[PDB]
Structures are given as C-alpha cells and as structure tokens.
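Enquirer: Sharing a structure here in structure tokens format.
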Amino acid sequence: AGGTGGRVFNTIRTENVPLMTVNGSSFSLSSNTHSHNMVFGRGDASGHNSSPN
Amino acid sequence: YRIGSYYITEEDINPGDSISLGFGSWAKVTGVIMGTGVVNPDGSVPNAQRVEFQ
C-alpha cells in the first residue's frame with residue numbers, strides 16, 4: 001500500500017461530466033413596413049422577383 | 001524511544017532507575033520512508049536525520 005491515496009487510473013471514485021439541455025425558445029421578429037426605401041416610380045422598368053412595395 | 005503504560009519516570013525507584021526519561025510524541029518511523037507519497041505508487045521525498053525538526 002501507500003501513504004498517499006488516489007484514484008485516477010483505476011479506482012471506485014465519484015463525479016462525472018454533467019449533461020443538460022436548454023428549454024426550447026422561438027425567435028420572433030417584426031416585419032416593419034418602413035425603412036425599405038424607394039427608387040423610381042410606377043409604369044416603369046422594375047426588378048424581377050422584387051418584394052412588392 | 002521507549003513506550004510504556006506506567007506513569008513512572010525512568011529514573012524513579014519504581015522504574016528501572018537509570019537513564020533520563022523524556023516524553024515522546026507520535027510513533028517511531030524506521031529511517032527510509034516517511035509515509036504519504038504519490039497516489040499511484042511513485043513515492044515522495046522523505047525526511048531523515050535524528051532530532052532534526054522538519
């Protein structure tokens with residue numbers, strides 16, 4: 001035996017790596033109708049697939 | 001080092017009546033090891049010498 005005791009290579013010790021999870025959260029964003037800017041007018045050449053404004 | 005359960009001095013008539021009797025603390029450890037070294041046996045640095053306080 002030895003005067004100093006330790007359990008590293010092989011011994012019945014305690015303690016481990018805890019495992020936990022976080023509760024489900026949903027991200028909510030508001031689509032503001034302003035701040036979209038504007039260029040040119042109507043009746044005129046417009047970019048295809050552009051968002052209607 | 002001498003160990004005895006009788007509370008009589010070594011120089012007393014009841015005791016052997018020779019030599020000086022002094023109180024001894026702790027148990028005598030054989031010169032070579034000092035005890036606790038390494039968890040897994042590797043061994044620490046022991047202490048030696050007589051009367052030396054370390």
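Each chain in the structure tokens gets a letter, A, B and so on, in the order shown; residues start at 1 in every chain, and ligands are counted from 1 in the order they appear.
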When you get a sec, could you note down which chain A residues fall within 10 Å of chain B, using only C-alpha atoms, as JSON, numbers by chain?

Expert: {"A": [1, 2, 3, 4, 5, 6, 7, 8, 9, 10]}

Enquirer: Could the residues in this selection be written to a file with N, CA and C atoms, as a PDB file, in the first residue's frame?

Expert:
```
ATOM      1  N   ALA A   1       0.823  -1.202   0.000  1.00  0.00           N
ATOM      2  CA  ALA A   1       0.000   0.000   0.000  1.00  0.00           C
ATOM      3  C   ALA A   1       0.860   1.256   0.000  1.00  0.00           C
ATOM      4  N   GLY A   2       0.218   2.423  -0.003  1.00  0.00           N
ATOM      5  CA  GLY A   2       0.935   3.678   0.022  1.00  0.00           C
ATOM      6  C   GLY A   2       0.267   4.661   0.962  1.00  0.00           C
ATOM      7  N   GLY A   3       1.091   5.546   1.526  1.00  0.00           N
ATOM      8  CA  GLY A   3       0.568   6.538   2.451  1.00  0.00           C
ATOM      9  C   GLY A   3      -0.385   7.513   1.787  1.00  0.00           C
ATOM     10  N   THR A   4      -0.115   7.864   0.533  1.00  0.00           N
ATOM     11  CA  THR A   4      -0.965   8.761  -0.234  1.00  0.00           C
ATOM     12  C   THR A   4      -1.891   7.943  -1.122  1.00  0.00           C
ATOM     13  N   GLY A   5      -3.171   8.306  -1.110  1.00  0.00           N
ATOM     14  CA  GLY A   5      -4.183   7.584  -1.854  1.00  0.00           C
ATOM     15  C   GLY A   5      -4.770   8.432  -2.966  1.00  0.00           C
ATOM     16  N   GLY A   6      -5.052   7.783  -4.093  1.00  0.00           N
ATOM     17  CA  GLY A   6      -5.649   8.462  -5.225  1.00  0.00           C
ATOM     18  C   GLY A   6      -6.240   7.467  -6.195  1.00  0.00           C
ATOM     19  N   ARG A   7      -7.277   7.909  -6.898  1.00  0.00           N
ATOM     20  CA  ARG A   7      -7.975   7.087  -7.876  1.00  0.00           C
ATOM     21  C   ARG A   7      -8.013   7.814  -9.212  1.00  0.00           C
ATOM     22  N   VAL A   8      -7.072   7.472 -10.089  1.00  0.00           N
ATOM     23  CA  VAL A   8      -7.002   8.074 -11.418  1.00  0.00           C
ATOM     24  C   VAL A   8      -7.065   6.981 -12.476  1.00  0.00           C
ATOM     25  N   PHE A   9      -6.098   6.063 -12.447  1.00  0.00           N
ATOM     26  CA  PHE A   9      -6.047   5.006 -13.453  1.00  0.00           C
ATOM     27  C   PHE A   9      -7.180   4.005 -13.263  1.00  0.00           C
ATOM     28  N   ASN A  10      -7.389   3.552 -12.027  1.00  0.00           N
ATOM     29  CA  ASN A  10      -8.423   2.557 -11.748  1.00  0.00           C
ATOM     30  C   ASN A  10      -8.770   2.649 -10.268  1.00  0.00           C
TER      31      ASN A  10
END
```

Enquirer: Counting only C-alpha atoms, what is within 12 Å of region 19-33 of chain A, bar same-chain residues fewer than 2 positions away, as a ChimeraX atom specification?

Expert: /A:16-17,35-37,51-53

Enquirer: Kindly give the distance, in Å, that separates CA of residue 11 (chain A) and CA of residue 46 (chain B), rounded to a single decimal.

Expert: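 Those two atoms sit 25.8 Å apart.
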
Enquirer: Residues at most 12 Å from residue 30 (chain B), counting only C-alpha atoms, excluding those fewer than 5 positions away in the same chain, as a PDB file with C-alpha atoms, in the first residue's frame?

Expert:
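Once written, out06.pdb looks like this:
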```pdb
ATOM      1  CA  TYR B   1      12.282   5.587  22.076  1.00  0.00           C
ATOM      2  CA  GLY B  35       4.727   7.785   4.589  1.00  0.00           C
ATOM      3  CA  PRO B  46      11.264  11.579   2.589  1.00  0.00           C
ATOM      4  CA  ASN B  47      12.990  13.171   5.570  1.00  0.00           C
ATOM      5  CA  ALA B  48      15.858  11.833   7.670  1.00  0.00           C
ATOM      6  CA  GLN B  49      18.272  12.696  10.487  1.00  0.00           C
ATOM      7  CA  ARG B  50      17.735  12.365  14.243  1.00  0.00           C
TER       8      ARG B  50
END
```

Enquirer: What's around residue 21 (chain B) at 9 Å? Count only C-alpha atoms, leave out sequence neighbours fewer than 2 positions away in its own chain, and write the answer as a tab-separated table (two decimals) with N, CA and C atoms, in the first residue's frame.

Expert:
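Wrote it out as result.tsv, contents follow:
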```
chain	number	residue	atom	x	y	z
B	2	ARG	N	11.14	4.63	23.99
B	2	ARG	CA	10.57	3.59	24.83
B	2	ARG	C	9.10	3.91	25.09
B	9	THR	N	8.62	7.73	36.07
B	9	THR	CA	9.83	8.18	35.40
B	9	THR	C	10.85	7.06	35.31
B	10	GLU	N	11.68	7.11	34.27
B	10	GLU	CA	12.70	6.08	34.08
B	10	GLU	C	13.72	6.08	35.20
B	11	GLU	N	13.97	7.23	35.82
B	11	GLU	CA	14.92	7.32	36.92
B	11	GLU	C	14.29	7.05	38.28
B	18	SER	N	17.40	4.20	35.86
B	18	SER	CA	18.60	4.53	35.12
B	18	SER	C	18.22	5.33	33.88
B	19	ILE	N	19.16	6.16	33.43
B	19	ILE	CA	18.97	6.99	32.24
B	19	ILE	C	17.95	8.09	32.51
B	23	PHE	N	9.53	12.63	27.49
B	23	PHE	CA	8.27	12.37	26.81
B	23	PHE	C	8.49	12.27	25.31
```

Enquirer: Nearest residue to residue 20 (chain B) out of B:51, B:8, B:45, B:32, using only C-alpha atoms?

Expert: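 Of the candidates, the smallest distance to residue 20 (chain B) is held by B:8.
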